[PDB]
Amino acid sequence: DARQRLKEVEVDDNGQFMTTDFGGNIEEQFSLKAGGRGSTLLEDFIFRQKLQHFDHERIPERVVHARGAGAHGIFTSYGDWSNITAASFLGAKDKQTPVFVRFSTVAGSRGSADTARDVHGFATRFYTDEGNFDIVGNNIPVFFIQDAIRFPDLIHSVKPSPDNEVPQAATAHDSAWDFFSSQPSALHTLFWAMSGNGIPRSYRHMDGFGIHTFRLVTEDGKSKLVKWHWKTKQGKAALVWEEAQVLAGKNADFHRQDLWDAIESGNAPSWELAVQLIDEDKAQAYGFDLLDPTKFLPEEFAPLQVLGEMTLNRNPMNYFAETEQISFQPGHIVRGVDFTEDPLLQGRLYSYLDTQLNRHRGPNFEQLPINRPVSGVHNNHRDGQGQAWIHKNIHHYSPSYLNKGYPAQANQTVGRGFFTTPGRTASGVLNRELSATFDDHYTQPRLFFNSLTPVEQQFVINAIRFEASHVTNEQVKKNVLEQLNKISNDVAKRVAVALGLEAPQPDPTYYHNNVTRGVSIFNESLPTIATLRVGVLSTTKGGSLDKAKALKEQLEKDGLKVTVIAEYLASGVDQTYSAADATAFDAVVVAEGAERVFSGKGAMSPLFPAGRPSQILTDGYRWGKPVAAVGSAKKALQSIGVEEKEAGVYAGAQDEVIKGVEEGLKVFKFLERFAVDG
Amino acid sequence: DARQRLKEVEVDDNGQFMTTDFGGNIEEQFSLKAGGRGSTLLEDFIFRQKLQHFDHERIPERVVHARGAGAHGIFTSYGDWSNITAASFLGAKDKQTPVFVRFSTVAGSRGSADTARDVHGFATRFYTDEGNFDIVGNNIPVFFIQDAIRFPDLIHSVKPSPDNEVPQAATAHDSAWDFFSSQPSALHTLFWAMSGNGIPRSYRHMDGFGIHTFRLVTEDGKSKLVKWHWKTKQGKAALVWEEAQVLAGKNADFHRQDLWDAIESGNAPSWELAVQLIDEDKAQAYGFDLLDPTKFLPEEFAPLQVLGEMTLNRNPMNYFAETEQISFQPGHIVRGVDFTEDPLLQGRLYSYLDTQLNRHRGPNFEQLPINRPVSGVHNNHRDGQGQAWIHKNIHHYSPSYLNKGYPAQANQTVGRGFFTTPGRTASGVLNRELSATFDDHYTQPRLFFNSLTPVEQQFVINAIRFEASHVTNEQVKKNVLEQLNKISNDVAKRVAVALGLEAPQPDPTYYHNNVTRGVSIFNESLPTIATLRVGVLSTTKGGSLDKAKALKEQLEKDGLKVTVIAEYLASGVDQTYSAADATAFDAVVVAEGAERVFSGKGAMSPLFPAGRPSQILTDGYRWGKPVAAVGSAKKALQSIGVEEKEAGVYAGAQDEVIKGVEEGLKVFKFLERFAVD
Amino acid sequence: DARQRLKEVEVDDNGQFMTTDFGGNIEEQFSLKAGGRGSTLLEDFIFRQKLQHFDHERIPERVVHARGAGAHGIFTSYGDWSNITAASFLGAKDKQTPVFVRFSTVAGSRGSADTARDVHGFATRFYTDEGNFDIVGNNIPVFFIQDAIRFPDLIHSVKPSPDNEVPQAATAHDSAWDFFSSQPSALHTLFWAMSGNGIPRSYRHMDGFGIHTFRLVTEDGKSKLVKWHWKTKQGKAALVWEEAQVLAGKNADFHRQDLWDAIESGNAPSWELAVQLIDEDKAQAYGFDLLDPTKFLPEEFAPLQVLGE
Ligand code: HEM
Ligand code: HEM
Ligand code: HEM
């Protein structure tokens, strides 16, 4: 159990009497009053201690990535990696380390929808035996800006307008596109966020990246440049925008519920930790600067080397105490890892420590159970708000005769201390500049765009079209088109259509036809369909329900999550049509007989909104899902103009339908149903 | 060990490598720099996590009683008190309950002197098996004001002036005496503070009081009005003002060190917990209203019943984590105790809960190790800053089918829940008034003053003379005299001499000659002299030191703490003359031979300030201490004009001197050395 | 008036009726009760708004230099110093700039005595027309330690023992002298604190020092190394220890009252601002490194040059 160490702070209230926070059994359902219909007394200490605690429950949300959810798990090293790093969690084959991971969006406040379009956070803590080591990453390998000092500028621009606080969790507004076009570094991350990476199917279907180049350091002090990757074993998958929008309203908790359910059902998700490793002398060798976080290193120049595997297999017991309170920091580093002079990373080191002072209202947040390391804390720090320990050493300073030199200094040679890469040097003038090697903001967005399938490219074009059309200022729209044109004239032209503007003439400076592997989502089938959801549309009349039970039983034996839907909660029904929506499912199947709810009187119950069963099948089809109908239920497919012969559409007997649906779920989205320009 | 439950949060760093606060071994003595003589890097995470924790060390001091010290101990019940109270900790003979007690002044900030003149706090927590019970009391049985809404006024007035933040830890300024005279209720507590209670010898030598009338309540709901008393087993003792002032400078930590040392030396202090119990129907029968916290109940009318004993026998391990962070509340009440309609107490209930939000910056301060009960916390409270637990019950509400009714309601009949006294009633109009039963502000101050010895009375008088003479506004001084005159024309006249004013003509309204036992200090000799301090003035020349060592050994066998003083730290010398002051000691003895440092060049070594030895003996004598000189050292006494025949002055052979000093220490202060008007 | 800008936030209560903090006139000397001798009512909003504000009056004291006092004033430049610095407040003869200065001890908490033996703070803010400029200085020109990472160690060692919190406002205890002897860089500041600088007669009788070498930079980007000095026009004066101890008990407020009274009586204190100027190529010319804050620069090598008052 990855949560084992947290057991000593767990509190069980079953079989107990109610108490105050200072002990003493009480009742707390009536205010103390002066007379039968009298005023409440100030001396009601019970009322005040209960309401005070309630009045003070909230803490500030994260300044970014406020909306998210997480889980505990175990990382297992596949090897002794001492030849590349001194890091203890990677020091032996099969070595296990507890982890906690939180996934998130970026812009939205705490109750905003999971399926907003946004960059996503993918933050991992390794509770190693040499300190907490955090890889605070995203589901996208590049970031918007090149110097951390511009972070408040980027974030102010994407978050709601400060006059009216509109719009929630969206970049589809004037200020965001003003910034993206005024600060062209942002274009690469923008293209990723406008692709499937912006609207992923689940946290479990995301890759993760540390983005920055870091250093791995061996005991002897030799270093290699490194990029961290998390490769999902569930495969990458994404929604379509028109679906993501409805899902935002039908279930704002889609991703947090997905993760929660997969873990409770014994379908713990896994990722492999992989690295790209290059020599220090390769920093500027690949057509860009490895200190520049707006570029990624194509796998063709440095392949992924898999180091181990992380599996998330325990949900938290209390979301607030665990998920909400956990405090990640890129500054949480251990012996065997070091920073690079990435100007974005450099500033992060400051920001994450500092911001905890606001979020936790004090300096002792590392003492919180979810934040505590497993490896022991020994230093001369004392006092501070909420100090939870009692220190035995009264000689709380170094150097000192009186404490006999304890706690002692550790370094590269003694006590496995942290050490900065010994060969790192500084040279030149102090400067408030960036290197000219950072200047190409256009080649890699083009590389990314080139490496998507034609329909994936259309999705990127259509996301930009949707978003940019919300921009009220004409000149900002023109600015956006000018910047897009430096990446691809075709992209600019196709976006300009939606905006009713003329794209600038081609500017070939940065155009190219190069492609790189592994950045596409829809181009590869899923390696497993376990946990994928099948909505089975049935009815309470006749024999549909019994056949739906049989369909469900078969699908579930093959790892699927099945919801039987009907007009009311009859035996064997999981959900009502009133409560159902296509956004909740990965595949939609009409059980035989259920065709009666697609036309005629069966479609007109006061138990569900008009057209509801037809709408679910319609949404399912148009959003590219596998859709199907058993036997006479083909009439339902016919009712919405969908033909049996189409890809991702299945009819016939339960056996043909099950096999076809399961094969379609590997494809996941049928992209032939989406129109492409021309 | 009273601190037993705290062991699990204790952190031993011996034999360990330095780490960050998130684990990982480090060095932290050099900032990471860009080049040999280069600038410090922002990426030095080690530097920033260390300095950030340092930068954020301080928390707000207590809004009052900021300056204080505490210790852990055990309370033991002398009986099964179930016939008067359902309170568990009083429920059986020999039953033991861990305590923590903090003593304090009132006005001063965190670093102000222990021996400022002030009311003193005496706050006790019982970590009972039915919740934390706090008796948050003072060393004086009455308070300045009659309604809690007036607390900020009182407190603003005694604390430093808000333009210049002067004076520290003192009521000797215009605004305080303006308040004392504008709000006559304040006069009773004022008199106590101007007596020995304002400058106690140590925390161990104070009595304590709950001040308010509370209620004890039996299981069947029967109630008694109750006053809490703590009776020191060390005896009451006090300083004189001219001594307290020097001590405030020589050792601001005099009381906290005294408590620390007594406990470390195995001389744990004790107090007996005692109560006066009053029938509800007699709340207004003793010449005042028992809901009025500016009055005490003379023990002649209601003697003390002794419930048990508490002994403070463990010092904290970390002062900040334990003493500074502990959060007392009069709202910390348990089954078997209830409140009364004392308007002062009523408002405190709100104020102590609220103030913790400032001091601890969040709502989970009861989760700090020093604040946690030992009896277990089960409720539907969740979240808040610093939430340190992980709650298992996901159905965090009541009533509920899903949680099977747990945590469950407790009341008078089920689960030993708290219950308000059955039969307490309300009656009459909602009002912003005070009963007219509260209106007599002068009779008890007069009763108090009547009950002091003549020299103790002079002490009160001289304290008012000293304080009132600092008042710059002439009319405020006149206002003060007018109020004092309502208490006693003699007091007013005697104070008026110092102020160069004419005391008003007698106003006989409130004058009386009644007296009450037990409010005095200097009249009764001490029950023990253990822990008391003897300073032995010696010299590195000749054989004086060897004789000092023998003196020291005899005295120590008898339980005294002895400091042998000389020009420098030779073998057997505990303190240099440069480091020594008479304020540190309860008695001063000149060893034979040391008379050499009391005149001539012997009295002016570069090793101490000129006259230092004579000053110590002189101070010790003028402040009323036992002083002594062995053999030829009586020359020291002669040099300062002190005669061997005087009370509290002992000369002769060692045996004789030791016997004498030990008897004098019991008397503690020799009051005949202080002139009376 | 140096405090002129603060006038708009000053609140006058003369002749006014009592109110809550949200307005509305009130009385606030009696709690609202249920009956004549009754319990206080939760609905007494007046009682709670008043006590809540009282309950929350305190803020944390400064982690160091907690005990201190200050005053407002005016700095006047004696010249146009554009040839040594671009700094606006030094840019013209007779140019005036408002200041505020806080003097302090170091170790003691807020209520501790003025006349404890300690290093003293001397922090000046110039409210210049190009931003606030602070010289956060001490009355001793050198500091105990050479690297800021060691500050918690220094300060823990001189502050009270963490078990009993003894002694207040004093270095006269084991941990301090353990640190001074374990970290010999501390010896220079120690000697100054053991001299009259440790027990000055008044704030008005102290010199002040920026301690560190800073740079003055002209418009063209050329720089000079600089040491900041404040020279008291009242002269330096000190107590003797045995006197300082008694005074700590007799008047803890000796220094803050001295400054207050001097200003109130029209005897405003003055300090001349003076600098030592050093060419960049002479950083290591004088027997030590000017980047090292545990050494000062002898006036024989670089005379004090007065810039203003
Ligand atoms: C490669 C670039 C970046 C990545 C991969 C990244 C990723 C993340 C993630 C995943 C979180 C949420 C952690 C959680 O789940 O609690 C987060 C939060 C945060 N980020 Fe970053 N971010 C980046 C850039 C920056 C920069 C440049 C700054 C500031 C200079 C910054 C400041 C913050 C702050 C203050 C938080 C809130 C932390 C907290 O309240 O605990 N981020 N970031
Ligand atoms: C019988 C009258 C009173 C007594 C015996 C008394 C006693 C005490 C004591 C001993 C302390 C210090 C507790 C400790 O050592 O930490 C204290 C603190 C305090 N008192 Fe009282 N006091 C009285 C009146 C009041 C009133 C009327 C109020 C407000 C309505 C009040 C508000 C406070 C507050 C806010 C604190 C700070 C507590 C903390 O920060 O933990 N006191 N009092
Ligand atoms: C040349 C060395 C130093 C000098 C001259 C100096 C001077 C001062 C002065 C005068 C103050 C009080 C300002 C006031 O009146 O409010 C102060 C406060 C302070 N000092 Fe320093 N100090 C020095 C070294 C350090 C170092 C090395 C650190 C930490 C790296 C430090 C951290 C602080 C902090 C945190 C405060 C509290 C400031 C506040 O709360 O507003 N000091 N120092």
# chains A, B, ... in the order shown; residues from 1 in each chain; ligands from 1
call {"tool": "interface_residues", "arguments": {"of": "chain A", "to": "chain C", "cutoff": "7 Å", "atoms": "only C-alpha atoms", "output": "CSV table (one decimal) with N, CA, C and O atoms, in the first residue's frame"}}
result
chain,number,residue,atom,x,y,z
A,34,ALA,N,-31.8,31.6,25.1
A,34,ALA,CA,-32.4,32.2,26.3
A,34,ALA,C,-33.9,32.1,26.2
A,34,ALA,O,-34.5,33.1,25.8
A,39,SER,N,-33.1,34.3,21.9
A,39,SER,CA,-31.8,34.5,21.2
A,39,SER,C,-30.7,33.5,21.6
A,39,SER,O,-30.7,33.0,22.7
A,40,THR,N,-29.8,33.3,20.6
A,40,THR,CA,-28.7,32.4,20.9
A,40,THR,C,-27.7,33.0,21.8
A,40,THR,O,-27.4,34.2,21.7
A,41,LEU,N,-27.1,32.2,22.8
A,41,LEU,CA,-26.2,32.8,23.7
A,41,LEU,C,-24.8,32.7,23.2
A,41,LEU,O,-24.3,31.8,22.6
A,42,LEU,N,-24.0,33.8,23.5
A,42,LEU,CA,-22.6,33.9,23.3
A,42,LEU,C,-21.8,32.7,24.0
A,42,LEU,O,-20.8,32.3,23.5
A,394,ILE,N,19.1,21.5,21.3
A,394,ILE,CA,19.0,22.9,21.8
A,394,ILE,C,20.1,23.8,21.2
A,394,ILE,O,20.0,25.0,21.3
A,395,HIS,N,21.1,23.2,20.5
A,395,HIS,CA,22.1,23.9,19.9
A,395,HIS,C,21.8,24.0,18.4
A,395,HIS,O,22.5,23.3,17.6
A,396,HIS,N,20.8,24.8,18.0
A,396,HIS,CA,20.2,24.9,16.7
A,396,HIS,C,21.0,25.8,15.8
A,396,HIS,O,20.4,26.7,15.1
A,397,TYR,N,22.3,25.6,15.7
A,397,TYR,CA,23.1,26.4,14.8
A,397,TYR,C,24.4,25.6,14.4
A,397,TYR,O,24.8,24.6,15.1
A,398,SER,N,25.0,26.0,13.3
A,398,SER,CA,26.2,25.4,12.8
A,398,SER,C,27.1,26.5,12.4
A,398,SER,O,26.7,27.5,11.9
A,399,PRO,N,28.5,26.4,12.6
A,399,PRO,CA,29.2,25.3,13.3
A,399,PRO,C,29.1,25.5,14.8
A,399,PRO,O,28.6,26.6,15.3
A,400,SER,N,29.5,24.5,15.6
A,400,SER,CA,29.2,24.5,17.0
A,400,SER,C,30.0,23.4,17.7
A,400,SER,O,30.0,22.3,17.3
A,401,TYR,N,30.6,23.8,18.8
A,401,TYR,CA,31.3,22.7,19.7
A,401,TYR,C,30.2,22.0,20.4
A,401,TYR,O,30.3,20.8,20.6
call {"tool": "residues_near_ligand", "arguments": {"ligand": "ligand 2", "cutoff": "7 Å", "atoms": "only C-alpha atoms and all ligand atoms", "output": "MDAnalysis selection string"}}
result
(chainID B and resid 62:65 68 102:104 121:123 136:138 142:143 148:149 151 210:212 293 326:328 344:345 347:348 351:352 355:356 359) or (chainID C and resid 51 55)
call {"tool": "atom_distance", "arguments": {"atom1": "CA of residue 239 (chain A)", "atom2": "CA of residue 258 (chain A)"}}
result
14.0 Å
call {"tool": "closest_residue", "arguments": {"among": "B:161, B:451, B:431, B:325", "to": "chain C", "atoms": "only C-alpha atoms"}}
result
B:431
call {"tool": "closest_residue", "arguments": {"among": "B:419, B:260, B:650, B:286", "to": "chain A", "atoms": "only C-alpha atoms"}}
result
B:419
call {"tool": "residues_near_ligand", "arguments": {"ligand": "ligand 1", "cutoff": "6 Å", "atoms": "only C-alpha atoms and all ligand atoms", "output": "VMD selection string"}}
result
chain A and resid 62 to 65 102 to 103 121 to 123 136 to 138 143 148 151 210 to 212 327 to 328 344 347 to 348 351 to 352 355 to 356
call {"tool": "closest_atom_pairs", "arguments": {"of": "chain B", "to": "ligand 3", "cutoff": "10 Å", "atoms": "only C-alpha atoms and all ligand atoms", "output": "Markdown table"}}
result
| residue | atom | partner | partner_atom_place_in_ligand_line | distance |
| --- | --- | --- | --- | --- |
| B:47 | CA | ligand 3 | 30 (C) | 9.3 |
| B:48 | CA | ligand 3 | 30 (C) | 9.5 |
| B:50 | CA | ligand 3 | 30 (C) | 9.9 |
| B:51 | CA | ligand 3 | 30 (C) | 6.6 |
| B:52 | CA | ligand 3 | 35 (C) | 8.9 |
| B:54 | CA | ligand 3 | 35 (C) | 7.7 |
| B:55 | CA | ligand 3 | 35 (C) | 5.0 |
| B:56 | CA | ligand 3 | 35 (C) | 8.2 |
| B:57 | CA | ligand 3 | 35 (C) | 9.7 |
| B:58 | CA | ligand 3 | 40 (O) | 9.8 |
call {"tool": "write_last_selection", "arguments": {"atoms": "N, CA and C atoms", "output": "compact mmCIF listing (two decimals), in the first residue's frame"}}
result
# COMPACT_ATOMS: atom_id res chain seq x y z
N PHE B 47 19.85 27.32 -0.03
CA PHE B 47 19.81 28.63 0.59
C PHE B 47 18.37 29.08 0.85
N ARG B 48 17.52 29.04 -0.17
CA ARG B 48 16.18 29.61 -0.03
C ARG B 48 15.29 28.84 0.96
N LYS B 50 16.27 27.17 3.58
CA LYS B 50 16.79 27.49 4.92
C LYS B 50 16.38 28.90 5.38
N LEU B 51 16.62 29.89 4.54
CA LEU B 51 16.33 31.27 4.92
C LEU B 51 14.83 31.53 4.97
N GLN B 52 14.06 30.87 4.11
CA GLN B 52 12.62 31.08 4.15
C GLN B 52 12.07 30.62 5.50
N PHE B 54 13.68 30.49 8.34
CA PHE B 54 14.13 31.49 9.31
C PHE B 54 13.28 32.76 9.22
N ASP B 55 13.07 33.24 8.00
CA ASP B 55 12.33 34.48 7.75
C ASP B 55 10.92 34.44 8.33
N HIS B 56 10.37 33.24 8.45
CA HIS B 56 8.97 33.07 8.84
C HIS B 56 8.81 32.48 10.26
N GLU B 57 9.88 32.54 11.05
CA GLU B 57 9.85 31.96 12.40
C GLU B 57 8.81 32.55 13.36
N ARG B 58 8.57 33.86 13.26
CA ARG B 58 7.79 34.53 14.31
C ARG B 58 6.30 34.43 14.09
call {"tool": "residues_around", "arguments": {"residues": "residue 672 (chain B)", "least_positions_apart": "5", "cutoff": "12 Å", "atoms": "only C-alpha atoms", "output": "NGL selection string"}}
result
:B and (453-456 or 458 or 522 or 621-625 or 646-648 or 667)
call {"tool": "select_by_dssp", "arguments": {"residues": "region 129-169 of chain C", "states": "helix (DSSP H, G or I)", "output": "PyMOL selection string"}}
result
chain C and resi 148-158
call {"tool": "residues_around", "arguments": {"residues": "region 95-104 of chain C", "least_positions_apart": "4", "cutoff": "7 Å", "atoms": "only C-alpha atoms", "output": "JSON, numbers by chain"}}
result
{"C": [2, 65, 67, 68, 69, 70, 71, 72, 73, 74, 75, 76, 77, 89, 120, 121, 122, 123, 124, 125, 126, 127, 128, 203]}
call {"tool": "residues_around", "arguments": {"residues": "residue 297 (chain C)", "least_positions_apart": "5", "cutoff": "9 Å", "atoms": "only C-alpha atoms", "output": "ChimeraX atom specification"}}
result
/C:227,276,286,288,290,302
call {"tool": "write_last_selection", "arguments": {"atoms": "C-alpha atoms", "output": "PDB file, in the first residue's frame"}}
result
ATOM      1  CA  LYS C 227      30.726  52.559   1.416  1.00  0.00           C
ATOM      2  CA  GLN C 276      34.149  56.287   0.640  1.00  0.00           C
ATOM      3  CA  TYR C 286      43.853  47.615   0.912  1.00  0.00           C
ATOM      4  CA  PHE C 288      41.472  42.735   2.316  1.00  0.00           C
ATOM      5  CA  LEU C 290      36.029  44.865  -0.377  1.00  0.00           C
ATOM      6  CA  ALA C 302      39.729  56.694   1.483  1.00  0.00           C
TER       7      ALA C 302
END
call {"tool": "closest_residue", "arguments": {"among": "C:32, C:136, C:46, C:278", "to": "residue 223 (chain C)", "atoms": "only C-alpha atoms"}}
result
C:278
call {"tool": "closest_residue", "arguments": {"among": "A:256, A:205, A:392, A:236", "to": "chain B", "atoms": "only C-alpha atoms"}}
result
A:392
